[PDB]
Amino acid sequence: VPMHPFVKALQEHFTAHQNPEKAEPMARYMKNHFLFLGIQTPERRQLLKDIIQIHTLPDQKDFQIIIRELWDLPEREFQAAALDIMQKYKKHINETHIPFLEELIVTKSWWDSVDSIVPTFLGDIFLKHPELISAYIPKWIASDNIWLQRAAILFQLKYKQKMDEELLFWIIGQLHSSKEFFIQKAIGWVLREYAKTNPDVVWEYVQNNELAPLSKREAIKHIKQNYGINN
């Protein structure tokens, strides 16, 4: 069975605007885990828009099919476009899509794709269905996959006043001993971001619980100005 024609059209149009000179630094920035065509986001978005204008967005029955097919293409721009396309189907994504989203997190994994899946798509699902958190988060923390561990940390990133503080700190406690940069940094990020809503709670947590040095420093990068740096 051939590639979906929308994907074939997108592949043709992206490839015709590839930039091998830019592709080399773009691939190096992702530590050469991926081939790149060399197309940056403003142009990539317009090229996708060109294809939607010509072909129309596929019927929602094909949404997951399109995403998978783009995920399986070698160049990283096709995963970025896949995430752009998934946003166009946002109103059709619900709690039944958590396994589909998990599979995207653990395939072609790196911070660029995972961070575009977790605080937005999964974050919105678990805000609406917080009773489903315990069906996934414990497994993610226990898994060998650092990107599911990062998902457990960052899905609440944007929750602000809806943050479940007890849950957040329990998750961080489970992962505070990790030597993985992407876990230590995710802990620092979510704490730094939540400190924009509740600085006192974050300050108390980082002063009284063990964290990797990187995590602590990133957490208080801004709020240390409010409290001071004791001699």
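One-based numbering along the sequence shown.
Per the PDB record, of the two stretches 56-64 and 202-210, 56-64 carries the greater mean B-factor over its C-alpha atoms. The stretch 160-168 shows the higher mean C-alpha B-factor when 160-168 is compared against 181-189 in the entry.
In this structure the maximum Cα B-factor among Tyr89, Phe78, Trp110, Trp140 is found at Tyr89. The PDB entry assigns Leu127 a C-alpha temperature factor belonging to the middle third of its chain's modelled residues. In the PDB entry, a CA B factor belonging to the lowest third of its chain's modelled residues is recorded for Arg44.
Sort the modelled residues of the chain by CA B factor and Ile93 lands in the highest third. Per-chain ranking of the deposited C-alpha B factor places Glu102 in the lowest third.
Placement of the Cα temperature factor of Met30 within the chain: lowest third of the modelled residues, per the deposited record.
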